[PDB]
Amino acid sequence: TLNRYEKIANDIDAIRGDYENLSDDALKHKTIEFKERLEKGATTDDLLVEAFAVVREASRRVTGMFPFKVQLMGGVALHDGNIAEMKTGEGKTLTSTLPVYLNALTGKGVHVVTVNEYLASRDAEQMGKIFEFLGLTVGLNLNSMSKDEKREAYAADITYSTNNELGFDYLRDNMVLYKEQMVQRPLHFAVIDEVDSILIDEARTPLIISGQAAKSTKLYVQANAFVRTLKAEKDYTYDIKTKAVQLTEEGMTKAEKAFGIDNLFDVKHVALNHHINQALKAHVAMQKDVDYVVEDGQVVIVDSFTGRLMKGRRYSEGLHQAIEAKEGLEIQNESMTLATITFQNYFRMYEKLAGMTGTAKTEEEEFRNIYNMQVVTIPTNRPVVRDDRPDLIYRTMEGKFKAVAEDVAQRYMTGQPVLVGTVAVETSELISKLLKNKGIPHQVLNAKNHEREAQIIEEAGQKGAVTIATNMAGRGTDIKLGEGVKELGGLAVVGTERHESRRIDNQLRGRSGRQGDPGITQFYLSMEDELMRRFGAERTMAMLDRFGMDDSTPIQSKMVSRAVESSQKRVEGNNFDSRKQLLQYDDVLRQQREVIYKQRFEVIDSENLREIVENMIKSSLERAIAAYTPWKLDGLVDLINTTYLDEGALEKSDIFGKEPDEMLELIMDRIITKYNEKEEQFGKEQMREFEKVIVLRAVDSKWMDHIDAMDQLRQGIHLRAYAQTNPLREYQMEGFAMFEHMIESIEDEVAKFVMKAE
């Protein structure tokens, strides 16, 4: 009858007497024991049962908490590299402590990660005490800390950190000038609290490191000036199929003549082409004083309604600057990206991955597809008696909010604590105001000060408490019921709307009814709601409209509530399909980053840089030979003198009559002797430094240009097929060629500089 996780739970509960009656020292020793056993054969799995019991016993002694059996089940699923779905209040923090210890024994490190520094720091100091008791070191990585400090934190057996810091740290480690400046060790094991926020909602969120130089605007003015000379039908068309303004065949020929290009679509010209396309979208697609407006010397997006009158927001993909160039305004600069990674791409590098959260089931497929991780749903310790009521539907938001306030006021008069969840600050203010008019004391949490938020939330289950929380403000702080609150029905949770994703709704819902407590949840919606403007959602509302529904006769039916849930499943499914497709595109740059980072590390880790540099030189020399050896017009000889050697070093006299590979051996042998002489004049150690500064400069600067070009390639890929074949293959192929071209640039730059400078 009993399953794998239940069995192991019992195993650990059976041998509890074995650790129950040990002094602290004999108990702490178990850590040394386990280690001795590991290094001489035993696998981490072999020890799970005992190690878990040790932690289990140690927590009771330092915290007073003794992990429940469900917490033991969750612990196993985490060890297995899966996702433990454990409802809010099941004690995920203490639960994580089991697999973290086990997986830290081999001394390879474990990153424990959350959404903000308040939480990482709270959990570190609280769970740290258990680990330090077991003779383990615990580090805390924070944004305000120095390199040396970060290095120490990462050198601990266990490291707590935010996901942002881990990602930034990793990027900076790939920008260093010496190996020793790195702060991270290899990525061993990450256990991710709030795993759905981090691995799903932020899956594609890019972390970026910018340079301090301003991106040049030359291309913007060049493109703008070329576009002005264009003629309206001779040179361009609004393509119905692609929904865009494109150059005609004549326009491309004209652009190719105007600059010095053979083929405008060639990958080496992606930037030129894209700027031209934007300046073309800005000049004939964006009507001035219609699409946008100019305030002073700035440009503002109207937006339909405008709705956005003077928003501070701007158009993406260089479109904004293309308009500024058109409008003769100042081109507002943006710094260049030196390094980038998304969280999906970052966490995919760990040897092992695990995660825990209250809400993962609705994303089961997403975790499997993207991360190849199972969602293991762990039973609650106590039955869930919380009453989750079908949605209430109103005709107008005005009506909905009025009902929300009245609900809150009623529950307040009884003393029953109330938690109100909203999706936006403006809604929060709106509800708060309504409550002030009724004379109802309450607190507002606008997701700003995490530390203050947790203090308020700690108190939100006391008699007479009323708390308004915008977007899961104060997440990660359990809300306990005060004296006599059980008797009052527990925490009442009112949601003032539903998110596009049901998962986010469930997070709010789960804040009530913890550890078997009674409680009630109720969501409110209206015809005018944003979510209620969808395909299958709006139809239902349209009918209720015709039926004769009123703000004074809200609908509350199982059918309609299910219609809402189903419509959210459908939308989730669309989002998941888009995410799937975006991921495949992301993978092209992801793989290129891995190849170039490995090559860059090779450079700073290299015993002698000679071999790496020589190969670059030769590889580059071979391309010079081929370009002249399709009688042969050398040509090549003259070029060689100004690139790898000295004036008149090579000879016309050698011109020649030899097989090309023969020439390579001969010319490379001449290069090697010149190189040898340079090294002798520099001294070898000073030659290494010199080569290193050159190679890293070549790599760092061509990588930066490449990120910029790849981004432009992607933004405009829908114009490079050939619709409606799928552009993914076109992007992969062009991405591949552009990367090769980048590698070739790096090689040429290095070769020229070490040979010809200084």
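Residues carry their position along the shown sequence, with the first being 1.
*Asks:* Pick one of none, 1 to 3, 4 to 9 or 10 or more for the number of deposited-sequence residues not modelled between residue 630 and residue 631.
*Replies:* Unmodelled stretch: 4 to 9 residues.
*Asks:* Would you tell me which stretch averages the higher CA B-factor in the PDB entry, 473-481 or 585-593?
*Replies:* Result of the comparison: 473-481.
*Asks:* Comparing 691-699 with 43-51, which has the greater mean CA B-factor as deposited?
*Replies:* On average, C-alpha B-factors are higher across 43-51.
*Asks:* From 338, 430, 663, 156, which pick has the Cα B-factor that tops the rest in the entry?
*Replies:* Of the options given, 663 has the highest CA B-factor in the PDB entry.
*Asks:* Per the entry, which of 717, 26, 70, 710 tops the list for Cα B factor?
*Replies:* In this record, 26 carries the highest C-alpha B-factor of the candidates.
*Asks:* Looking at the C-alpha B-factor of residue 682, is it in the lowest, middle or highest third of its chain?
*Replies:* As the PDB entry reports it, the C-alpha B-factor of residue 682 lands in the middle third of its chain.
*Asks:* Which third, lowest, middle or highest, does the C-alpha temperature factor of residue 404 belong to within its own chain?
*Replies:* For residue 404, the deposited C-alpha B-factor lands in the lowest third.
*Asks:* Sort the modelled residues of this chain by their C-alpha B factor and say whether residue 334 lands in the lowest, middle or highest third.
*Replies:* It belongs to the highest third of the chain when residues are ordered by C-alpha B-factor.
*Asks:* Rank-wise, by C-alpha B-factor, drop residue 493 into the lowest, middle or highest third of its chain.
*Replies:* Lowest third of the chain for residue 493's C-alpha B-factor.
*Asks:* Check where residue 658 lands among this chain's C-alpha B-factors and tell me if it's the lowest, middle or highest third.
*Replies:* Within its chain, residue 658 is a highest-third residue by C-alpha B-factor, going by the deposited values.
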